[PDB]
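A single chain comes next, written as structure tokens; it is the form deposited in one PDB entry.
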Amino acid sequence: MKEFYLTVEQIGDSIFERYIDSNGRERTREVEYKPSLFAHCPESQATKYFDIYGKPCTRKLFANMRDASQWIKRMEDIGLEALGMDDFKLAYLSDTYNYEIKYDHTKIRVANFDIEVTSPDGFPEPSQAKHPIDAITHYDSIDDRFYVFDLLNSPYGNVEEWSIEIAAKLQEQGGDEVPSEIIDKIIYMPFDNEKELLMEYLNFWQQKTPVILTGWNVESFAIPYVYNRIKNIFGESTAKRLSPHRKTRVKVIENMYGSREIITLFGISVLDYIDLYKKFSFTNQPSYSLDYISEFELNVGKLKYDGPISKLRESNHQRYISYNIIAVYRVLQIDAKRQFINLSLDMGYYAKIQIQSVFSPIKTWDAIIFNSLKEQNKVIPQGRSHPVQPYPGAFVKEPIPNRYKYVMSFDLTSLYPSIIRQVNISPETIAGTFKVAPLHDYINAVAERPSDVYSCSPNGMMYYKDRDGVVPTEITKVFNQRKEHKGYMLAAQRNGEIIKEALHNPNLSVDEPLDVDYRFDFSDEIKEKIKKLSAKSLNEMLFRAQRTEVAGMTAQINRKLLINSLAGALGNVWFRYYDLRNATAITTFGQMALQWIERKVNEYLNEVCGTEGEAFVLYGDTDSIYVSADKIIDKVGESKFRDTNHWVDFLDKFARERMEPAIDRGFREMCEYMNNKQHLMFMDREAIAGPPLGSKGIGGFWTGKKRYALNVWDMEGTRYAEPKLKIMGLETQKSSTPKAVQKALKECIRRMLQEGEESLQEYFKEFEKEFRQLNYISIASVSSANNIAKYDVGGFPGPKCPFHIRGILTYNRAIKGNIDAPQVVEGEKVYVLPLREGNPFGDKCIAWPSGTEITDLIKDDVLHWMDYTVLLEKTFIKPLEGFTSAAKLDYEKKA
């Protein structure tokens, strides 16, 4: 097998590399890498190195990395461009791995761990690490074992050994319910004192040094805590042994009185799973406790205990250790499902960056582009300083607020990267400019044809057609990868719905789930077999389909983010190929494409239909159009339909056979009009939406831009077994909306679109009757807590203090002089509740850290002073008022 790197670092004039060799064995080497950079040279100098603009460059080979770096500084001061990859580890990696990397994950040491620290005086700050580490569980991917380091004796208590027997038993049975599938994988090690525990953990770490270090919050708690505790007890050089090169860097953050740190461990790539989850999951969560995320992703129960966590070891060491192990295993479970580590390795190795650089689209693209250009013996430009400037983006149509009964939407395939490729937008493909007519004139095809020679964008930019830009070239490759995974995801999704259909009529038999790969559409033979399966076999198959869909979702949506990020990167001053003309070309072409196709669809739909000048396109946003289908249904006649699936079939056929071909012809004209390099504006039907046939449901509605709801029966080829609500922007979608309110408003929308006005009125009353009985957490608002210090005036709200900060300031006054009540962390999320006037908290609202029961000392008071009336009006009634007024409905029977 071909070699691949694990980690790369620059220490002085040396590159330190851990790698897998041709026999699949982990190795380390130190290389005195001699880098190269380039300067522009007179034409009269024969060479093989040119910049992206085809200007001649001469290579300077340096004795070592410091002198290359020194050369750059020198070139800045003179004002002469120093060209080349100035990040030397990428340059090194590009030389040492002169090929598409094929990697083997089973050889990569992936490690997650977490630690427990008992603290009788509040949060144990990693920067002081003054309390003993009393448990560590460290899972090693290569061994596939959980190494459990348990402290038996501590200042805060001497405890008995942990029983794997009791651990294994379910909680019903008085056990700890450690999943049976990992029981046999636990290697348990108790210790007499903290010193040998830590010493043994160090040697262990030396034997089994992580390449990928992960876990939950490990970068901000576990890593810095372990590092500092070992430092205090043993000394810094001993703590440096966590780096396989005995080098670390401590980053210090703020913070008036507060101080937290982040350790960089040279020779390891840290991918904190919270950070992976925030970047790659495409959710926004009310809370980021592992308990909250585990429940969300895996549907597992919260890790319940009695007393505060600072007394859990003391009172129930057994559960203390079991919960430590499970916590570690839950992250593993989440990744088994989400597959983010895998995604990181894929992207990292494709780009030839340090794996931890996947968090950075700019860094990622810089390497991809560098490698792509290096292969052709071309030289990359030097990074330049730019001022930050606002620039124009997408077009959003103003909709008429209303109910819309039948709606078909259409959306463009991967729009921005498609524009990049169609127009040939790249730093080196710029050809010139033309005189700019109003966008409106290009939309209406009345403006003069910009160029007969070059590929054009309505912002005035012209690009060469006769060669390919590095940006179109490299975005195309990732796009194709994205396309493949999306294919796998949609088939998995379609397969899911087939299984869902089959669950309506489950057969009474004893059978097994079928052995199938879900990334592929079921064969007819398979579909026949599915119709004779039992619910048990069907339900298990469904779970597997859904799991396959999720993996395909991860793979496709993150590749989409990467490619869409290149379009954005053109507008970030830190990107080497930053150019606002190129960013503008993309967005302005986009604005044209959408409005252009709006005109074309209306024109078409007026011809068929036999109408004159009706606006069929009700709404659009960036790359999408929403088409009122009422008149399409009208022509054939609503009474002509047997059931819902009949008119859904009808519209589906009409879009596929009539609309898409008319749209394609429309965009081919535009491409010719802009003289583009390649036609790639592909717009296909997305949603078919409407009320169930024969019902009083309204089907859908808009309140304004970026705010609507649709009852969808078919989504880009997936025919649902049950209609799904497509709700965008509305409070049902916002993480700041109370949990119970999100559900109530969703059922409200469901009744409106599927059942009608009378049904809505029934639910409203029922919810209102039950509101005061719901759990206070489920009805609390949520918000991020930024700038708490800015508005804190002696514990009281300063000028312009936001409601949610006011709440935090009310919290902080309530918990003064109290050690074991949890503190609100700057930047984190908080639950928020209104308080009735005359409350003893002295203010109108209170806030406490999200994902946690409010501390017992004031829970009783908060529950009693909650303003349910304000709460209901603010979070539930006001949003519904907006939905219903837009849809011309009443939530209460009007007098």
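In this text, residue numbers run from 1 along the sequence as written.
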Stretch with higher mean Cα temperature factor, 843-851 vs 40-48, is 40-48
Quick note on 436-444 and 306-314: per-entry mean CA temperature factor is higher in 306-314
For the listed residues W365, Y288, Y257, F667, which one has the largest C-alpha B-factor as given in the deposited model? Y257
Can you tell me which of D272, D144, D150, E766 has the maximum CA B-factor listed in the PDB entry? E766
CA B-factor ranking of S344, expressed as a third of its chain: lowest
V870 - which third its CA temperature factor falls in, relative to the rest of the chain: middle
Third assignment of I777 from its chain's C-alpha B-factors: middle
Relative to the other modelled residues in the chain, which third contains the C-alpha temperature factor of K640: lowest, middle or highest? highest
Binned into thirds over the chain's modelled residues, the C-alpha B-factor of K247 lands in the highest
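Keep in mind that the form deposited with a small molecule bound is missing from the display, and what follows is about it.
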Among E484, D95, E669, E607, which has at least one heavy atom within 4.5 Å of the small molecule in the deposited bound form? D95
Which one, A336, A615, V300, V436, lies within 4.5 Å of the small molecule in the deposited bound form by heavy atoms? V436
Would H864 show up as a contact with the small molecule in the deposited bound form if we use heavy atoms at 4.5 Å? no
is_contact(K844, the small molecule) in the deposited bound form, heavy atom dist at most 4.5 Å: no
So, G460 and the small molecule: in the deposited bound form, are they within 4.5 Å at any heavy atom pair? yes
Check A46 for me: does it contact the small molecule in the deposited bound form (non-hydrogen atoms, 4.5 angstroms)? no
Tell me which stretch of 59-67, 850-858, 832-840, 22-30 has a heavy atom within 4.5 angstroms of the small molecule in the deposited bound form. 59-67
